């Protein structure tokens, strides 16, 4: 029990010793940081956890936020590894701290992880977010939190104090405040807190960078396969009101804001979850019903606006994407697409999938996309058509928003390091044609290959330690390099970025510059006319 009993503001905690081949770590799981956002507190901001008295057992993970369970491929590891692995509940606002045993002599750098899941899903408890290996290897203190999702975390009737929007992000913020007030007791350094996250976790990290009351709560950021300025990452006041009303309709509520929210509040959570997807405007991929909302408080303006107008001198940021960001999403409703075969689509299906992958744009905009993503010597090649829709969805949802994010952060004074991740896990359950899909760098960052119970290769263990080292070097100093092949900063002029895989770092220039010119310069002029 040495170093397993720790006192925090809320009270005494009991942790548990976790083991790794490189030695032990002290974990404190299921630490409450808010009063449960239950009953009358549904859709409300979170309130700090009142002091429990005595000793709170922190040896197990806690309930996961009520959320949709993916059923596309029941039993498949490639999807189920993202599904909840604990009982579902609204009583879900708990966080986790892993620290080395013994705790370092000197206050150690803190990494704070924010999971993705399109703001509709996720949990800090997934096998793939296990913090033991980063902590043991790099002697970092690591935190993660559950945050509400779906309607529970992002349904908004903007203007109301009863459903103001963005409460899932406020969940994250309150966790960050808990860290400032408490990680020292775990050996963590509150003056060196690096947020990192993936997809929606990465968009969440973007928003903390831009939300004024979050900015004194961390120092450096990392955004993996996501940006706050992506077309799926946020929604206007009006569109969030329309979707809220539509869920209220779908769960049986009659057709002011007070009585509407009261009705939402008396329905059971399963019922909210049952209807979530049908509030969207068209069948589509890469869109999610309840996402942050531009409320004029947490986000004083659109992310595009706030990034353009922001000063970022002496902020260090690290961002990137995987080689094949679009592929995963295509099996969720693009015709001709499956995990179970090479998904060699026809041309008609390609033409169709453009309207799913990029929903709610003019037929003229579709015409423009089709033009850009067609090899005009070989427009009928099924393979080329499959890969091109992948690029369309990849570029539009992940790569181009990250490229703009990066150009703008450098321009407005940030040191930026940027990567593309190009190693396909030896153990990957998805077929060859999906390439290095979205989400599949995370297990290398978290050092899962070091798990003896799993079956990665010698080289994959070496590669994970490189990545953990880059990420932890960034966290310590804002620079992922040490004396002894350099990762150079991304500037707006040269646009350097690096490929990460088994081979050494290779420096390249320009994250799909031609294609992102299309999404970022031209297409907004077309729609706007």
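Numbering follows the first chain given and starts at 1.
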{"item": "Continuity check for residue 484 and residue 485, given as deposited residues lacking coordinates between them", "value": "4 to 9"}
{"item": "Residues of the deposited sequence left unbuilt between residue 256 and residue 255", "value": "4 to 9"}
{"item": "Higher-B stretch (mean Cα B-factor, as the entry records it), 360-368 or 89-97", "value": "360-368"}
{"item": "Residue stretch of maximal mean CA temperature factor, 463-471 vs 487-495", "value": "487-495"}
{"item": "Out of 346, 397, 390, 137, residue topping the C-alpha B-factor column of the entry", "value": "346"}
{"item": "Out of 317, 207, 351, 163, residue topping the C-alpha B-factor column of the entry", "value": "351"}
{"item": "Lowest, middle or highest third - CA B-factor, residue 127", "value": "lowest"}
{"item": "Residue 380, C-alpha B-factor rank within chain (lowest, middle or highest third)", "value": "highest"}
{"item": "Relative C-alpha B-factor of residue 181, binned into the chain's lowest, middle or highest third", "value": "middle"}
{"item": "Residue 16 - which third its CA temperature factor falls in, relative to the rest of the chain", "value": "lowest"}
{"item": "Chain-wide C-alpha B factor ranking for residue 510, given as lowest, middle or highest third", "value": "highest"}
